[PDB]
Each structure stands twice: as structure tokens, then as C-alpha cells.
Amino acid sequence: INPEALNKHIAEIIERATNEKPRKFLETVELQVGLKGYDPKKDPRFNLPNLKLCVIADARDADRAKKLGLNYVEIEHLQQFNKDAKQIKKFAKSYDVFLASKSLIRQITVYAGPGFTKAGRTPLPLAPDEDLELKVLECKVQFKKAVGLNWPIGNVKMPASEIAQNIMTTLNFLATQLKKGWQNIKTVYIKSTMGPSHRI
RNA sequence: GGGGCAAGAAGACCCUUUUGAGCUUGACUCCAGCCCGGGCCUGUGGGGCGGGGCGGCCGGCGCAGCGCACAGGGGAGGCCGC
């Protein structure tokens with residue numbers, strides 16, 4: 001536990017300062033969890049849920065997405081989709097968040113499903129009456145094949161208490177998805193590109 | 001000495017009994033013996049080797065782009081000059 005001392009390290013990361021922050025307070029510090037009993041031979045790979053946000057949408061939804069500064073795509077790349085897939089991975093990688101429209105719904109389910117699914121960037125279709133600008137701005141756990149798991153929780157520019165709440169969401173997650181819970185996790189370390197790690 | 005299916009003897013053969021016994025073996029279940037390990041008996045000093053935990057450090061070769069991309073990172077600044 002020790003939230004004050006753990007937050008003292010979160011405070012130290014903000015105090016060293018320096019860095020190249022992108023839409024976050026002191027960039028993002030990701031806790032690297034190590035798993036004491038996890039075997040690739042054993043199969044528990046369940047994958048479950050500012051950096052870069054983006055939306056593709058029509059009436060009402062577009063008004064509150066393009067205004068938010070995310071930027072929008074007019075599916076003019078539908079023309080590019082026939083021509084090339086060279087930047088398909090690149091475009092999806094650039095925007096951590098993709099959003100969509102309920103009016104569009106099946107417009108590209110029949111044609112532009114292609115490489116965008118391999119990239120995993122399936123947008124969230126939002127009713128024009130639905131606000132949309134919240135779910136996109138708000139912005140991770142897969143066992144996969146890697147013992148080391150580091151999920152960004154410093155991406156919020158919100159106070160270190162919210163970052164600790166993101167740490168608590170991360171730690172609640174470690175209790176929920178693991179058989180020994182927090183005991184199953186061998187180690188955790190707070191890091192950024194210029195952020196030295198902090199063993200939890 | 002032909003016969004009294006003459007006299008000996010609750011057929012020994014054969015079969016039956018939920019009747020035995022001796023023997024056998026890779027029958028069922030076991031037991032002494034013996035081998036082996038650890039503990040106690042059981043004092044007083046050395047020396048090495050692992051494990052566990054920390055903990056630095058050195059590595060990683062199917063090729064376009066920059067060369068063997070171990071992996072999950074992060075990111076327009078750290079300190080590269082990149």
C-alpha cells in the first residue's frame with residue numbers, strides 16, 4: 001500500500017521534470033509488473049480494457065469531435081483504401097484513440113474492414129445525439145506471452161491522486177486477473193523514457 | 001471249492017460337499033529376515049559445494065530499411081553528434 005510514499009515517487013517524477021511531455025503532465029509513467037507464477041504453457045490470456053485521440057463521423061458527432069481538436073477523417077481514405085495499404089498501419093498507430101458514427105455504422109463494415117482490424121483500430125460508433133467527446137478524450141491488460149506488463153497510467157495530466165487511482169485500477173486489476181493476486185505479481189516499476197523506474 | 005451277489009473293510013477309483021491336508025507358483029492377502037534412507041544414540045574442530053534471496057555485469061544472428069532487430073517499452077528530447 002504506502003500510497004503517500006508511492007505518490008512521493010510519483011511526485012519525484014514530476015519534480016525532476018525536464019522530459020518532452022505530449023498532452024500529459026510529465027509524460028506517462030508505466031508500472032512494469034512481473035508475474036511470479038505465469039507460464040506460457042498455462043493459458044490465462046484474457047485481454048480487457050491525454051495521448052493521441054481521433055474520430056471519423058457525420059452530423060452532431062463530427063461537430064463535437066473536430067471542435068475538440070482531435071482532427072477528423074472524411075473516409076476520403078476509402079479512395080486511398082483501394083489504392084494502397086502502405087500507411088494503413090501508420091495511420092492507425094498515430095492515433096491511440098479512434099472514434100466513429102452511429103449514422104455510418106455499416107458504411108465500411110462491408111468494404112473498409114480490411115487491414116484496420118489487424119491494426120486493431122476499430123472506432124467507437126456514437127449516436128449523433130451521443131456526446132462522443134468524453135469517451136475519446138478519457139484515454140489495456142492482456143496476459144499475451146510476456147511476463148513483463150507496463151500499462152501507461154501517467155497519461156492523465158489529472159492530479160497524482162488520479163494517477164494513484166489509475167495505479168489502484170492497475171492494482172485492482174492485478175488482484176482480479178491473478179490467482180495469487182498482488183502476491184502473484186513479483187515486481188512493479190514506475191518508468192518514463194527519462195523516468196528512472198521505482199520498484200513498488 | 002459251484003453257490004450262499006461267502007467273510008474281511010462306513011470304495012481307495014469316480015463324483016458331490018460352499019469337508020480337509022501335503023506340495024507348488026508371476027493365485028489373493030500378508031510375515032520374519034535382509035538392504036536402503038532419514039532421525040535419536042552423538043562429542044570436539046576445520047574445508048569445500050550447491051540451492052534460495054539479493055545483486056551488478058556480459059551476451060543474444062530468417063532481411064528491407066541503418067547492422068544480428070531477445071522481448072514488453074517509453075518518446076520530438078534526453079545527452080549522440082542521434
# chains A, B, ... in the order shown; residues from 1 in each chain; ligands from 1
>>> interface_residues(of="chain A", to="chain B", cutoff="7 Å", atoms="only C-alpha atoms (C1' of nucleotides)", output="number ranges by chain")
A: 19-20, 146, 148-149, 192-194
>>> residues_around(residues="residue 8 of chain A", least_positions_apart="3", cutoff="12 Å", atoms="only C-alpha atoms (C1' of nucleotides)", output="number ranges by chain")
A: 2-5, 11-15, 160-161, 164, 190, 198, 200
>>> residues_around(residues="residue 42 of chain A", least_positions_apart="2", cutoff="12 Å", atoms="only C-alpha atoms (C1' of nucleotides)", output="VMD selection string")
chain A and resid 37 to 40 44 to 45 143 to 145
>>> atom_distance(atom1="atom CA of residue 99 of chain A", atom2="atom CA of residue 142 of chain A")
21.9 Å
>>> residues_around(residues="residue 59 of chain A", least_positions_apart="2", cutoff="9 Å", atoms="only C-alpha atoms (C1' of nucleotides)", output="number ranges by chain")
A: 57, 61-63, 101, 103, 128
>>> atom_distance(atom1="atom CA of residue 125 of chain A", atom2="atom CA of residue 93 of chain A")
19.0 Å
